[PDB]
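As C-alpha cells, the structure follows; a few thoughts come after it.
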Amino acid sequence: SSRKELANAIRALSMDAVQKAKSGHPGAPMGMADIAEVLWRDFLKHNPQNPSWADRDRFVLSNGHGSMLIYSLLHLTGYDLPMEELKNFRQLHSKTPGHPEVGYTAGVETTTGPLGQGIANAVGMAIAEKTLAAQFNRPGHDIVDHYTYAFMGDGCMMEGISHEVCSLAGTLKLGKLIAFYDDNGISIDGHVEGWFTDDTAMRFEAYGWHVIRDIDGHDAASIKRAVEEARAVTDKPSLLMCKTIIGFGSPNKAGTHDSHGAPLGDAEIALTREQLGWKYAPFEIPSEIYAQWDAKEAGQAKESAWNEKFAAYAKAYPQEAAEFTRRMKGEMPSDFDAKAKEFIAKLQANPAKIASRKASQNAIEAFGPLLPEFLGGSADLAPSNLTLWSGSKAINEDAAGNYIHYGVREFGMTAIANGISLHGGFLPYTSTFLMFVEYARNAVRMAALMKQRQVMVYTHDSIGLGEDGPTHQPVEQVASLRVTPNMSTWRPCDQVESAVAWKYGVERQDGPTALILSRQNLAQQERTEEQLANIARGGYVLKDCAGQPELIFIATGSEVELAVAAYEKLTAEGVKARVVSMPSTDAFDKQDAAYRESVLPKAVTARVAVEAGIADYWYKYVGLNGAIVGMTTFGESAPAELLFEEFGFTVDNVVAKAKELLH
Amino acid sequence: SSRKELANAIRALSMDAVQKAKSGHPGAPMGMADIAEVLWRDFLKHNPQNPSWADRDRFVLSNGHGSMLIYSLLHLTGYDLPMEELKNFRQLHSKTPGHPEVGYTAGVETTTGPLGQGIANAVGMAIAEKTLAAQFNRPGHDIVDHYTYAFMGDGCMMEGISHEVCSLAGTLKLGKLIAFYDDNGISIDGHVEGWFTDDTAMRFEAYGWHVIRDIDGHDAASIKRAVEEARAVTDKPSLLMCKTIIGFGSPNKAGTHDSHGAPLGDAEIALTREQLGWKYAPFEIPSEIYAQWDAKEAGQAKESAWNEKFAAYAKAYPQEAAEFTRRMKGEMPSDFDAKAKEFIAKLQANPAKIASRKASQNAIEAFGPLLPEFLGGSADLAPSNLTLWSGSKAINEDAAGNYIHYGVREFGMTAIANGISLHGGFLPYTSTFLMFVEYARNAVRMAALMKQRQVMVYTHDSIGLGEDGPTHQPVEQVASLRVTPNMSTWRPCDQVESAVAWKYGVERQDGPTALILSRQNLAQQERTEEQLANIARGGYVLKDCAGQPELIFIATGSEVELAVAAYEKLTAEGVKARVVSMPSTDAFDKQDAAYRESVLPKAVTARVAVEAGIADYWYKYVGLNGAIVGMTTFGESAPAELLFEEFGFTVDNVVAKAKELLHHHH
Ligand SMILES: Cc1ncc(C[n+]2csc(CCOP(=O)(O)OP(=O)(O)O)c2C)c(N)n1
Ligand SMILES: Cc1ncc(C[n+]2csc(CCOP(=O)(O)OP(=O)(O)O)c2C)c(N)n1
Ligand SMILES: O=C[C@H](O)[C@H](O)[C@H](O)COP(=O)(O)O
Ligand SMILES: O=P(O)(O)OC[C@H]1O[C@@H](O)[C@H](O)[C@@H]1O
Ligand SMILES: [Ca+2]
Ligand SMILES: [Ca+2]
C-alpha cells in the first residue's frame with residue numbers, strides 16, 4: 001500500500017472511534033497521521049511484544065487530546081490493544097481512556113491531557129537516557145542507546161512549562177530528543193494569530209535547539225528527510241516545524257477549530273472517506289495494511305539483539321549489569337532497609353536540634369552511597385533546600401552524575417522528574433520552598449495519578465521561615481497535599497522523623513512523597529523502641545497518661561515541641577493528657593483500626609490540633625468538639641519567634657484552648 | 001552630586017537596612033541602583049504626594065527580593081515612607097516587609113516575591129492602559145497616557161510564566177511596556193551558565209519585542225539612551241538587556257552569589273563605603289541629596305497639568321468623565337444592585353435546567369451592558385467556558401474592546417488579571433477548566449493576598465464532565481480554594497445560585513471570587529423569598545422538617561439535586577430530615593454564630609455531606625459522627641452518568657448511607 005493509505009488507516013480509526021464514542025478529538029490524529037506513519041514505520045525502535053524493553057525508544061504524545069492517534073498506532077503495530085478496545089474508546093474501564101494513561105494500556109509511556117507536561121516528561125526521559133548511558137555504557141558495550149520522540153501542538157507551545165523544560169533541554173545538549181511541532185494554526189478559540197504569534201523556530205534556536213523549518217507535514221519524503229537531519233545532529237535537541245492541516249481529509253472541517261474537539265458527524269465522515277479514497281467500513285482494516293504496519297517481527301529481532309548485547313555486557317561487567325537490572329526494575333538494594341534502620345536508630349540515640357531541612361540533607365548523605373539510582377536536584381535553591389550531599393555530581397558537569405541544577409523552574413522540574421521516574425533506572429528527588437509547590441502543583445498531582453516514585457523536598461514550611469513574609473510562608477499548601485489522592489505527605493518534628501520520612505519516600509513503589517521541612521531548628525524528642533518503630537505508622541503516641549486520656553494534643557513538625565510543653569503544664573495540674581505526633585496523616589490513615597484507636601481513642605473527643613498551617617484541615621481529626629491552634633490568615637514579614645507569638649503558637653494559648661475544652 | 005553618587009544613596013540605604021534587619025537581599029538593589037536612578041529621576045511620571053494619581057506611570061519590581069531598591073526609591077523621592085520605616089525593614093507591622101506589598105506602603109503597585117509574577121502584573125497594567133486609552137481618549141483629550149516599567153532578573157526569565165506573558169505582550173504590541181533585565185550572570189546556585197543558557201535577546205525577539213542588547217547597567221548615559229530608544233518604539237514592548245554586577249560596590253562580594261540573599265556583614269559594608277566613596281553613616285542622607293532625589297515639586301506640577309486636562313475632558317465629555325472616575329475608583333453603577341436583584345428574581349420565577357457554565361454566560365450577558373468595566377477572557381476555552389456575551393469584543397481586534405483571548409496560558413492569564421485589577425478602571429474575569437486552576441494556583445493565591453477583585457470562572461467542575469477523564473476531572477481542587485485565606489469560592493446548584501454568586505463576585509471589592517461551574521445541566525430548586533435572599537449567606541436551609549431534624553444533608557453544586565431526592569425518600573418514610581445548600585463555605589463561615597446555629601444546629605450530629613469532590617474536606621461540617629458521600633480517588637474516563645453511578649452518586653446510595661448513619665446513631 002502507499003504511505004498515504006497506511007497513514008489514512010490512522011485517520012479512519014480515529015474519526016470512527018471518536019464517532020462511535022460521540023466524544024473526542026479527531027483533528028490532531030488526522031493532522032499528524034502522515035508524520036506518525038514515517039516516525040513509527042521508519043525510525044521508532046520498539047517491540048510490541050514487550051513494551052517494557054529497557055532500551056526501547058520512548059514516544060510521548062504531549063498533545064494528548066489526540067489520544068486516538070496513539071491508540072491507532074499501538075493497535076496497528078501489534079501491541080496488545082485489540083479492535084474491541086478501540087470500539088470502547090472513552091468507555092468505562094476500557095484500555096482506551098479519553099486521554100492516554102500509563103499503566104494499563106500497553107505501550108503508553110506517560111499520562112497526558114494537561115498541555116505542556118508531555119514535552120516536560122520527554123525532556124525527563126531524554127535526561128534519563130543520557131545519564132544512564134554515561135553511567136552504564138563501557139567501551140564496546142553501549143547497552144543504553146535510545147531516542148525520545150515527542151509530538152506537541154500550539155497548546156503545549158503556549159504553556160509556560162514548555163519554556164522551562166525546552167530551555168533546560170538546550171543547556172543539557174539532549175541530542176537524542178526530537179520533537180515534532182504540529183504547526184496547524186488552529187486552537188479552540190479559532191485561528192491562533194489572535195493570541196499566539198511567536199516565531200517559534202527563533203524561540204527554539206534561542207534555547208540552543210536545532211530547528212527544521214517549513215516541513216510539509218503531509219509529505220512522507222519531507223518528513224523522513226527532516227527526521228534524518230534531526231538524528232544526524234547529536235549535540236542539540238531538535239524541533240521539527242511540521243506544517244499540517246487539522247482534520248486533514250475532511251472537506252468541510254479540515255483547517256477549522258470545528259475538527260479539534262468533537263465528532264465530525266456521520267455525513268462528514270462519509271465525505272472524508274470519499275476525499276481520502278478510504279474504502280473500508282468502520283473498524284475494518286485489510287490484511288495488507290496490518291502486514292505493513294505490524295512491528296512484532298522487527299521488534300522481537302531488535303530486542304533479541306539487545307538481549308545478546310546485554311548478556312555480553314553482563315559477562316564483562318557483572319556487578320554493573322546486576323545494578324542495571326535492579327535499577328530498571330525500580331527494586332531497592334536488599335540491605336537498604338537494615339542500613340536505613342541503623343541510621344534512624346543512631347539518630348534517636350544521638351540527639352541533635354537541627355532544622356528538618358538539615359535533617360533531610362543528612363538523610364540524603366546517609367542514603368547516597370546506598371542508592372546510586374538517585375537523580376536529585378533543586379530549582380536554584382541547593383544551598384537553601386540543602387539538596388547536595390558529599391557525593392553529588394551535577395550532570396551539566398559530568399554526564400554520569402546524579403544531580404540536576406534545575407534553575408528557577410519548579411513546574412518543569414517536577415514534570416521532568418515524572419519523566420525520569422517513568423523511564424526507569426532512577427529515583428528522582430526534587431526541591432523548592434514549599435510555597436512554590438503551587439507553581440508545580442499539577443505536576444505533583446500527575447506524579448500521584450501516574451503512581452510514580454519521586455521524593456519532593458519542600459523546605460521553609462511555615463511562618464517559621466520568618467522575614468521573607470506572606471508571599472513565601474506556607475499556610476494552606478500542606479492541607480492541599482494531604483487531600484491529594486495517592487499523595488504521601490510527611491511533616492517530621494525532628495531529625496529522627498525526618499530520616500523515617502525519607503526512608504518511607506524512597507521505599508514507596510506506587511506514588512510520590514512530599515517532605516515538609518523547616519528552615520528553623522527543631523528539638524529532638526525522646527522515644528522508646530516502640531515509639532521509634534511507630535514513626536513509620538504516620539501517627540503515634542509520643543507522650544501519654546495512665547488510663548483513658550481526658551485531653552489529646554495532635555501536633556506535627558515544628559509544633560510538636562509546643563504541644564509537649566502544653567502537655568507538661570497540664571500534666572503537672574493533674575490532667576490526663578496525651579501528645580500524638582502525626583508526621584503523616586496518609587500513613588496513619590492506612591493503619592489498621594486497632595492501631596488508630598490506640599492513638600486517637602474514639603471516646604476521647606477533647607482533641608487539640610497544633611500546626612502552623614491552615615486550621616480547617618484539622619476537623620478531620622478533632623471533629624466538632626475539639627480545638628485547633630492553627631493559622632487562619634496569611635503570614636507577616638517579621639522574625640520567626642515574633643511570628644509564632646503573634647499567631648498564637650505559645651504555651652499559654654495552647655493551654656488556654658485546651659482548658660476551654662475540658663469544661 | 002554626580003549620578004553615581006545619587007545612585008549610591010540607594011546602595012547605602014539598601015545594604016544598611018539589610019544589615020540592621022540581619023536579613024534580606026542587598027545584591028539586586030546594589031546591582032540595579034544606576035538603572036533605577038536614571039529611570040526614576042529622568043523618566044518616571046509620578047507624584048509622591050498622590051500615589052493613586054490615575055494617569056501615573058506604573059513601576060513593577062518583578063525581582064521583588066530586592067525590596068530595599070523600591071523602599072530606597074520611595075523614600076528618596078518623597079513618598080510617605082519615613083527613614084524610621086527603613087530602619088524597621090523586615091520587622092512586624094512595618095511599612096517595609098521583606099518583599100514589597102501593595103496596600104500599606106505608599107507607592108508600591110503590586111506584591112512581588114513569587115518570581116515571574118511581577119512581569120505578568122506589568123503586562124496586565126500595560127494592557128489596562130492601552131485598553132483604557134482606547135475606550136476613553138477623544139480627539140484633543142488624551143486623558144490616558146502612561147508607561148509601565150518593570151525590573152526583572154534571571155529568576156523571572158527562567159520561570160515559565162515569563163514565556164506566557166511576554167509572548168502575549170508581543171501579540172498585543174504593548175508599545176508602552178518597557179522591561180529592564182538585570183543581566184548579572186548570578187543566581188542562588190551560582191554562575192547561571194550551568195542551568196540557564198538562553199539567548200534571551202533572541203527569545204524576546206521571537207516574541208515580537210524590541211530588544212536593546214549589551215547596555216552597560218552601570219553607566220547612566222548608556223541607560224538613558226536605551227530608555228529613549230524604547231520610548232521611540234511605539235508598536236512593540238521593549239526589553240533592555242542591562243549588564244550589571246550583583247552587589248556592585250562590595251569588593252569581596254560583588255559578582256558573587258554571596259551578595260544575593262544575606263547581609264553583606266559590617267566589615268564588608270565598611271569596605272563598600274570606601275569603594276563607593278559614600279561617606280554618610282547608616283540611614284543618613286544629606287539635605288543636598290534629598291534636594292536632587294525629591295519628586296514632590298515635579299510630581300505636583302505633572303498631576304496638576306493632568307487635572308486641568310481632565311477638567312477640560314469633563315467639560316467636553318461629562319458622561320465619559322463620570323464613568324472614568326467611577327471606574328478608576330472601582331465603584332459600582334448606582335443601579336447595579338437593583339438590576340442584578342431583578343435578574344436573580346426573574347431566574348427564580350422562571351426555572352431552567354441548564355449547566356451552571358451556561359448560567360454563568362447568562363449572568364455575563366445580563367451584567368455586560370451594566371458593567372462597561374468588564375475586561376474578561378478565557379485561556380483558549382471561550383466556547384467551552386462560555387465567557388463570550390453578545391457585547392464581547394476582543395482587544396486584539398479593537399483596542400477599545402472588553403475581551404482577551406489569553407491563549408493556553410492559565411498562570412499568565414491570572415497574574416495578568418491581577419495587574420488589570422491593580423491598575424484600576426476594570427473588573428477582570430478569567431476562565432479555564434477548574435483542573436487547570438492548578439497551573440495558575442499561586443496567581444490565584446496572590447489575588448487573595450493582594451485583596452483584589454477578580455471573578456474566576458472555573459467550569460467542568462467534577463466527574464460530571466465525563467469522558468475527558470481523570471487528568472481533567474477535579475476532585476481536590478475546590479477544597480484547595482476553600483482553605484485559601486481571603487478566597488471566596490461558590491459552587492452554585494442551579495442558575496439562580498449562579499447569578500447570586502456572580503453578583504457577589506462583582507460586588508466583592510476586597511478579594512477574588514471563584515465560581516465552580518458544571519458542564520452538565522443542573523435542576524432548579526424551589527425557593528421562598530427568604531431562601532432566595534439566603535443564598536448570599538453561603539449556606540442556608542433549602543428543605544426542612546417540623547421539630548429537630550434527625551438527619552441533615554449538606555450539599556453543593558450538582559449534588560443538591562441528589563440530596564433533595566434523598567431527603568424526599570427519607571421524608572416519605574417518616575424520617576425527620578433537612579437539606580442545607582452550601583454554595584459558599586467562606587460566606588457561610590463569615591455569618592454570625594446565631595445564623596450558623598440556625599442552619600447547622602449543634603444538637604444535630606447526624607450530618608451527611610454530598611459533593612462530587614474530595615471527602616476529607618467535609619469533616620469541617622460533618623464532624624466525626626456523620627457521613628460523607630464524596631470522592632476519595634481520581635476519576636475515570638467514561639460518560640458522566642456512568643461515573644456518578646460508579647462513584648456512589650445515586651439516590652439509593654445516599655439514602656443507604658444516611659440510613660446506615662442513623663442505624664449507627666441509634
Ligand atoms: C493545561 C491545559 N489547559 C487547557 C486544556 C484544554 N485544551 C486542550 S487542547 C487546547 C488548545 C488547542 O491546542 P492544540 O494542541 O493546538 O490542539 P490541536 O491543534 O491538536 O487540535 C486546550 C485549551 C488542556 N488540556 N490542558
Ligand atoms: C517562584 C519562586 N521560586 C523561587 C524563589 C526563591 N528565589 C528568590 S531569587 C531566586 C533566584 C535568583 O534570581 P535572580 O532574579 O537572578 O536574583 P538576583 O540576581 O537579583 O540576586 C530564587 C530561586 C522565589 N522567590 N520565587
Ligand atoms: O481539553 C479540552 C478539550 O478540547 C475538550 O475536551 C473539548 O473541546 C470538549 O469541550 P466541551 O466539554 O465544552 O464539550
Ligand atoms: O537563609 P535561607 O532561608 O536559606 O535563604 C535566604 C534567602 O536567600 C535565598 O535562599 C533566597 O533568596 C531566600 O529568600
Ligand atoms: Ca493547534
Ligand atoms: Ca541574577
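Per chain, numbering begins at 1; letters A, B, ... match sequence-line order. Quick note: numbers below take in every heavy atom, side chains included, and nothing from hydrogens, waters or symmetry partners. One-based numbering, in listed order, for ligands and for the atoms of each.
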Considering only the protein, which heavy-atom contact is closest to [atom], and what is its distance?
atom: atom 19 (O) of ligand 2; result: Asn184(B) ND2, 2.8 Å
atom: atom 18 (P) of ligand 2; result: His65(B) NE2, 3.5 Å
atom: atom 11 (C) of ligand 4; result: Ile188(B) CD1, 3.7 Å
atom: atom 4 (C) of ligand 2; result: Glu410(A) OE2, 3.5 Å
atom: atom 5 (O) of ligand 4; result: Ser384(A) OG, 3.5 Å
atom: atom 7 (N) of ligand 2; result: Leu115(B) CD1, 3.7 Å
atom: atom 25 (N) of ligand 2; result: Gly113(B) O, 2.8 Å

Describe, in one word, how the ring planes of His472(A) and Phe433(A) are oriented to each other, choosing from parallel (under 30°), tilted (30 to 60°) and perpendicular (over 60°). tilted

Once the angle between the rings of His25(B) and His260(B) is folded into 0 to 90°, is it parallel (under 30°), tilted (30 to 60°) or perpendicular (over 60°)?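 Geometry flag for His260(B) against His25(B): perpendicular rings.
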
Just to be sure I'm reading this right: ignoring hydrogens, which of [options] gets closest to [atom]? Compare them by their nearest heavy atoms.
atom: atom 6 (C) of ligand 2; options: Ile161(B), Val408(A), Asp380(A), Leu381(A); value: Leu381(A)
atom: atom 9 (S) of ligand 2; options: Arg409(A), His260(B), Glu159(B); value: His260(B)
atom: atom 22 (C) of ligand 2; options: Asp189(B), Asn385(A), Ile188(B); value: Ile188(B)

Given that the side chain starts at C-beta and the backbone is N, CA, C, O, which of these parts of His260(B) lies under 4.0 Å from ligand 4, counting heavy atoms, or is it both or neither? side chain

Hey, is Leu465(A) touching ligand 4 through its side chain, its backbone, both or neither, going by heavy atoms under 4.0 Å? neither

Closer than 4.0 Å to some heavy atom of [X] - which atoms of ligand 4 meet that?
X: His460(A); value: 2 (P), 3 (O), 4 (O)
X: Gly261(B); value: 6 (C), 7 (C), 8 (O)
X: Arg357(A); value: 4 (O)
X: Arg519(A); value: 1 (O), 2 (P), 3 (O)
X: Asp468(A); value: 13 (C), 14 (O)

Name of the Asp154(A) N, O or S atom nearest the Ca ion (ligand 5)? OD2

Would you mind checking if [Y] and [X] are paired as a salt bridge, meaning a charged N to carboxylate O distance below 4.0 Å?
X: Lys253(A); Y: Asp258(A); answer: no
X: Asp468(A); Y: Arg90(B); answer: yes
X: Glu467(A); Y: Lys22(B); answer: no
X: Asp34(A); Y: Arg11(A); answer: yes

With heavy atoms of [X] as the reference, note each atom of ligand 2 found under 4.0 Å away.
X: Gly155(B); result: 13 (O), 14 (P), 15 (O), 16 (O)
X: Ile186(B); result: 16 (O), 19 (O)
X: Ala28(B); result: 20 (O)
X: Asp154(B); result: 15 (O), 16 (O)
X: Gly153(B); result: 15 (O)
X: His472(A); result: 25 (N)
X: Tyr439(A); result: 1 (C)

Can you tell if the side chain of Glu164(B) reaches within under 4.5 Å of the side chain of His163(A), non-hydrogen atoms only? no

Look at atom NE2 of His218(A) and say whether more than 12 heavy atoms of other residues, nucleotides or ligands are closer to it than 6.0 Å. yes

Surrounding CG of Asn521(A) (heavy atoms of other residues, nucleotides or ligands, distance under 6.0 Å), is the total greater than 12?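 Check passes, neighbour count above 12.
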
Output for pair (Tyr181(B) OH, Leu239(B) CG), nearest 0.5 Å, gives 8.5 Å

Taking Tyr149(B) as the fixed residue, which of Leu39(B), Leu240(B), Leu61(B) is the one that meets the side-chain contact (heavy atoms from CB on, under 4.5 Å) rule? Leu39(B)

The Ca ion (ligand 5) contact by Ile186(A), N, O or S atom under 3.0 Å: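 So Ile186(A) does bind the Ca ion (ligand 5) by this criterion.
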
Would you check if the Ca ion (ligand 5) lies under 3.0 Å from any N, O or S atom of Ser187(A)?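 Within the cut-off used here (under 3.0 Å), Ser187(A) places no N, O or S atom near the Ca ion (ligand 5).
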
Against ligand 4, does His65(B) come closer than 4.0 Å with any heavy atom? no

Can the ring centres of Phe180(A) and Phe151(A) be said to be less than 6.0 Å apart?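 Yes, the ring centres sit under 6.0 Å apart.
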
